[PDB]
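Each remark here refers to the structure printed beneath this line.
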Amino acid sequence: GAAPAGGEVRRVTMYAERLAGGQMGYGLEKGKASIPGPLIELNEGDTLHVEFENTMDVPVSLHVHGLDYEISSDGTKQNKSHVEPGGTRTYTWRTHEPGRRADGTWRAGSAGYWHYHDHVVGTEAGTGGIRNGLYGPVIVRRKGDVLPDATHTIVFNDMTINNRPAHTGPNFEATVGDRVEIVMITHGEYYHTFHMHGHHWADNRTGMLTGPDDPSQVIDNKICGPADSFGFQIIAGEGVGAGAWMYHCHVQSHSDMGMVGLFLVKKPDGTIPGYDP
Amino acid sequence: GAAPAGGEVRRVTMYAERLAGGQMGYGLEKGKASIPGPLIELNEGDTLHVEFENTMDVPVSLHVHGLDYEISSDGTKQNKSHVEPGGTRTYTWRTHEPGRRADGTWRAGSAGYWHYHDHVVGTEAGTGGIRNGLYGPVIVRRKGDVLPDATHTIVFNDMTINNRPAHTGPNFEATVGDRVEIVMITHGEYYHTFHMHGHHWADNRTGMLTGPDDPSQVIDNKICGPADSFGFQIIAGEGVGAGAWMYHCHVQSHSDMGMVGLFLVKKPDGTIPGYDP
Amino acid sequence: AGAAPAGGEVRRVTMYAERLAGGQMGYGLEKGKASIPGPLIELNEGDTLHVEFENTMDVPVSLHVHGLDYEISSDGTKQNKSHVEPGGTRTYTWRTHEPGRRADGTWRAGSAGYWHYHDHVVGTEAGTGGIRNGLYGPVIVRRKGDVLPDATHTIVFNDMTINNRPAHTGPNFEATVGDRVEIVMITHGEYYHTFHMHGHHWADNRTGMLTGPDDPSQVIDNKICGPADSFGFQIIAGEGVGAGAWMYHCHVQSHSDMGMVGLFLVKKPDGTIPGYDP
Ligand SMILES: [Cu+2]
Ligand SMILES: [Cu+2]
Ligand SMILES: [Cu+2]
Ligand SMILES: [Cu+2]
Ligand SMILES: [Cu+2]
Ligand SMILES: [Cu+2]
Ligand SMILES: [Cu+2]
Ligand SMILES: [Cu+2]
Ligand SMILES: [Cu+2]
Ligand SMILES: [Cu+2]
Ligand SMILES: [Cu+2]
Ligand SMILES: [Cu+2]
């Protein structure tokens with residue numbers, strides 16, 4: 001199962017809302033904001049019009065990485081493209097396919113693992129908004145990219161995973177053989193290293209080698225810093241079997257302070273050998 | 001147009017000089033030192049003889065990354081390849097084309113985005129010299145590489161850009177459609193993440209995909225540490241239009257403290273929409 | 001030195017965890033010969049390795065590997081009850097596989113790469129104390145046809161140390177001009193680092209050398225790394241640069257200043273190293 005060629009013009013509503021404990025999040029439905037924000041998926045060539053509403057009492061913005069946007073959708077104070085309290089704005093994201101330019105150079109397409117976040121809450125860099133939870137994933141697919149059975153987003157935000165209390169995962173479940181996609185985003189002040197037990201991926205656009213000629217390093221550990229994003233697909237349990245497979249930041253004190261979760265890979269009967277919570 | 005094949009013997013004079021406020025810099029002519037130092041450009045195969053003079057009252061050196069040099073041009077005190085106050089020395093850098101070794105393996109060429117810096121001021125690692133401004137860019141081009149309309153060098157040195165006071169850019173100007181080359185160098189104590197608004201590049205040698213078979217990740221954000229260097233070319237405003245396009249370190253406190261500048265992309269008439277200083 | 005053959009052998013080795021002087025701990029293949037870093041394990045894709053492991057210490061220890069195939073019983077974690085109690089024995093099994101085309105039409109990557117093993121239970125359930133103490137080592141998995149080196153050297157940036165050594169004590173490595181030298185670079189602990197070698201450069205890809213004229217990988221001499229990262233490469237000693245005492249170091253300025261530096265001593269065939277004067 002593979003992504004089709006893109007070129008659809010899509011529309012969605014998005015809201016920025018306050019959540020419990022001083023947090024803030026994005027959502028597609030009023031009153032249902034989440035941290036991380038909703039996953040937005042596009043095929044190269046698609047256009048997305050985000051009909052955005054700020055329900056909070058502070059100005060907020062939406063800034064996206066990687067995609068094509070004009071200055072009016074930059075989402076910064078510099079370009080007066082933030083949204084006043086209670087205000088509305090349509091942010092527009094475009095994407096393009098790769099292709100040969102007339103001068104013979106190759107223009108890269110938009111495809112990749114990307115993300116969106118606030119750029120105006122607290123500081124002109126969005127330090128408050130990002131700390132509070134205003135971030136989410138974007139995936140742009142190229143025609144023919146393999147589609148996963150499930151997608152999970154892991155954000156290292158300062159010393160938290162997904163703004164959760166320490167030592168609370170999140171955990172993600174799969175069955176042996178599932179094609180599982182991970183989107184990995186980092187935000188805030190610190191560098192991290194992301195590691196998965198029992199699984200590995202290629203350090204390239206899709207996380208999978210294109211074939212026998214792709215020299216990309218195969219890895220299970222990767223250094224990342226604020227606003228980095230990457231992603232990959234794995235076959236759950238491939239060559240290793242079912243089990244509670246931990247993922248964690250590998251900076252030692254970060255793991256000791258709770259930047260750890262479980263990739264729970266189940267047998268067909270739904271059980272997980274050796275896992276006794 | 002495009003870079004030709006190299007193989008010329010080139011020469012330049014270089015001086016290390018004190019600048020205002022305890023700073024130090026390299027320059028090609030006496031009294032003309034700059035931070036960053038002068039851009040050196042070579043084609044693979046070229047040899048460069050750097051006729052160097054230390055005009056300061058403390059020893060200094062010149063050490064280069066990536067290029068070929070004999071141990072006598074290492075630029076360290078350990079083999080006495082530094083330059084005493086008032087002294088002169090010729091440092092020689094060579095470069096080579098790619099090609100197959102007699103052992104059957106492929107030898108990479110010298111081409112890339114590189115840099116030179118001091119190795120003896122303050123400590124035998126050059127900590128004081130680098131802090132003071134003794135660093136600059138070197139580009140080595142491969143035959144057939146596309147040539148840019150302009151080149152700009154951005155150095156994250158500790159918590160400054162190009163040793164400038166916080167919140168002073170620098171800014172760079174272009175017109176929509178210009179082919180703009182960025183050289184990005186990091187120095188000092190801290191990791192950083194370089195981000196550009198409105199533009200992106202391939203994480204490979206040139207910043208441009210070689211064609212449809214290149215699997216390199218396309219990015220707009222990249223983690224870097226002391227002495228890392230990379231570069232890329234972008235088409236100014238491609239798919240996004242004119243405007244003041246922010247670049248910054250994405251480590252949140254670094255952006256907030258002033259590691260931010262503007263890529264000012266003008267319409268053909270010279271105006272920048274939505275921008276007034 | 002030739003090229004790696006196709007794998008598929010079942011191999012066995014004894015490994016011991018032992019205390020070393022000064023609160024340290026290391027792995028070894030023979031009792032009383034533990035080292036930091038631990039012994040280099042080399043496998044060809046398809047090989048299986050049974051590590052007959054014995055913990056000779058008075059505290060629990062484990063063995064956890066990156067990159068290779070292992071079942072949950074060889075995870076080497078307390079949460080999977082695959083640690084080794086004091087005085088205990090356990091067989092840890094690592095498997096490896098070749099690349100190939102899957103049933104779903106996609107390409108499955110092989111196990112080949114520069115990997116590493118380390119403790120996961122000493123001090124904390126992340127192995128923080130064991131890693132600090134020295135319980136880490138390299139493991140290389142080769143693909144059929146990979147070029148073999150004349151020598152392999154392992155450089156571990158563990159916190160503010162290289163290979164747990166006292167500051168300003170190297171290590172140094174020797175080669176002759178033209179030798180094919182393999183470096184395995186591992187990082188552990190709390191800090192990011194940047195590894196730099198004077199006079200030498202490599203491709204930022206699986207093997208450290210470009211596969212040919214179509215490989216677009218960046219060529220570098222400086223690389224940022226963080227805890228549990230591993231990479232490796234092969235260089236031709238002195239290629240285009242000649243003999244000399246070629247420094248390698250972390251390029252984070254305070255780290256170099258505190259002594260995270262060593263020497264790659266490249267000699268001419270007659271043994272000379274121009275200008276070397278320690
Ligand atoms: Cu920004
Ligand atoms: Cu972390
Ligand atoms: Cu692991
Ligand atoms: Cu951003
Ligand atoms: Cu150095
Ligand atoms: Cu920074
Ligand atoms: Cu941005
Ligand atoms: Cu350097
Ligand atoms: Cu672990
Ligand atoms: Cu370091
Ligand atoms: Cu150097
Ligand atoms: Cu690990």
Side-chain angles (χ1 to χ4, degrees), chain A residues 61-66 74-76 114-120 125-127 129-130 134-135 138 154-161 166 185-195 221-229 247-260, chain B residues 61-66 74-76 114-119 125-127 129-130 134-135 138 185-188 193-198 220-221 225-229 246-252 255 260, chain C residues 126 190-192 194-199 221-222 226-228 247-253 256 261:
Chain A
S61 75
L62 184 64
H63 173 71
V64 71
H65 287 242
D74 192 30
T76 60
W114 301 110
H115 61 108
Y116 58 85
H117 59 83
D118 167 64
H119 215 297
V120 307
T127 295
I130 295 167
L134 289 165
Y135 52 80
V138 181
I154 301 170
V155 185
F156 287 175
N157 188 30
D158 293 324
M159 299 301 190
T160 77
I161 307 174
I185 302 159
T186 299
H187 270 301
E189 191 64 17
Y190 311 118
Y191 90 88
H192 301 276
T193 52
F194 173 81
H195 174 54
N221 204 91
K222 185 168 167 72
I223 194 176
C224 40
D228 278 341
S229 57
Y247 74 89
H248 55 92
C249 181
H250 219 303
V251 179
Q252 291 298 137
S253 73
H254 297 191
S255 191
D256 292 329
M257 297 295 172
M259 293 192 73
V260 183
Chain B
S61 76
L62 182 65
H63 175 71
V64 72
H65 285 242
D74 195 31
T76 68
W114 301 110
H115 62 105
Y116 58 87
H117 61 83
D118 165 66
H119 217 297
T127 299
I130 294 166
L134 289 166
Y135 53 80
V138 192
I185 302 159
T186 299
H187 270 300
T193 51
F194 174 80
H195 175 55
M196 289 195 62
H197 287 219
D220 73 5
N221 204 88
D228 278 341
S229 58
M246 200 179 301
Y247 75 91
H248 55 95
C249 179
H250 219 299
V251 178
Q252 292 297 138
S255 191
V260 181
Chain C
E190 191 65 19
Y191 310 112
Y192 91 90
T194 53
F195 173 81
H196 174 54
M197 291 192 64
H198 286 215
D221 72 4
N222 204 90
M247 297 170 44
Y248 74 89
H249 55 91
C250 179
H251 218 302
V252 178
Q253 294 295 139
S256 193
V261 182

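Naming convention: chains lettered A, B, ... in sequence-line order (proteins, then strands); numbering from 1 in each chain. Atoms within a ligand are numbered from 1 in the order they appear, just like the ligands themselves.
- The atom of A/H192 nearest to the Cu ion (ligand 2) is ND1, with the search restricted to N, O or S atoms.
- A search for side chain to side chain contact (heavy atoms under 4.5 Å, CB included) contacts involving B/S61 returns B/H82, B/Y91, B/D118, B/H119, B/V120, not counting sequence neighbours.
- Side-chain contact annotation: A/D158 with A/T160, donor-acceptor N/O pair under 3.5 Å absent.
- For the pair B/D220 and B/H195, the minimum side-chain heavy-atom distance is below 4.5 Å.
- Nearest heavy atoms, A/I185 versus A/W114: CD1-O, 4.3 Å.
- Aromatic ring centres of B/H65 and C/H198: separated by at least 6.0 Å.
- In this view, A/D256 and C/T124, C/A126, C/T128 satisfy the side chain to side chain contact (heavy atoms under 4.5 Å, CB included) rule, not counting sequence neighbours.
- Per residue A/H254, closest N, O or S atom to the Cu ion (ligand 2): atom name ND1.
- Under 2.8 Å from the Cu ion (ligand 8), one finds the following protein N/O/S atoms: B/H65 NE2, B/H117 NE2, C/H251 NE2.
- Under the side chain to side chain donor-acceptor pair (under 3.5 Å) criterion, A/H254 pairs with A/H192, not counting sequence neighbours.
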